[PDB]
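Beneath this line is the structure, given in structure tokens, with notes to follow.
Residue numbers (this note's numbering), protein chains in the order written: chain A, 23 to 73; chain B, 177 to 228.
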């Protein structure tokens with residue numbers, strides 16, 4: 023007779039997790055735009071520079 | 177057009193959590209060498225002629 027001791031375990035688990043969260047955020051934005059423009063017509067030519 | 181830009185977002189959070197749990201468990205242990213125990217129900221019969 024093999025003197026071996028064996029065991030089986032069954033387990034059930036039901037978990038209810040109720041969670042809260044909150045947040046704030048603060049953003050600060052700098053921006054530097056550029057522009058150049060060359061217009062041309064039959065007899066009218068222009069140019070423009072912007073920032 | 178040539179547009180540069182630069183932002184900076186500063187944030188903060190608080191949080192709660194309420195976790196309720198109910199756990200059921202069952203276990204059956206056994207030893208293969210000692211599975212069962214015996215018990216006999218027996219009588220004694222004298223069919224002879226002298227008592228013992």
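Cβ atoms here follow ideal geometry from the backbone N, Cα and C, with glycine treated the same way.
Under the three-state DSSP convention, the category residue 38 of chain A falls into: As a first step, residue 38 of chain A must be located in the first chain, where it is residue number 16. Strand at residue 38 of chain A.
Min CB distance residue 213 of chain B to chain A below 8 Å: Position 37 of the second chain, counting from 1, holds the residue named residue 213 of chain B. Cβ-Cβ to chain A under 8 Å: no for residue 213 of chain B.
Chain A contacts made by the region 198-209 of chain B, where a contact means CB separation under 7 Å: 198, 199, 200, 201, 202, 203, 204, 205, 206, 207, 208 and 209
Selection of the region 46-58 of chain A by Cβ proximity to chain B, strictly under 9 Å: 46, 47, 48, 49, 50, 51, 52, 53, 54, 55, 56, 57 and 58
Residues sharing a beta bridge with residue 61 of chain A, DSSP: Taking the first residue of the first chain as position 1, residue 61 of chain A is located at position 39. Per DSSP, A:68.
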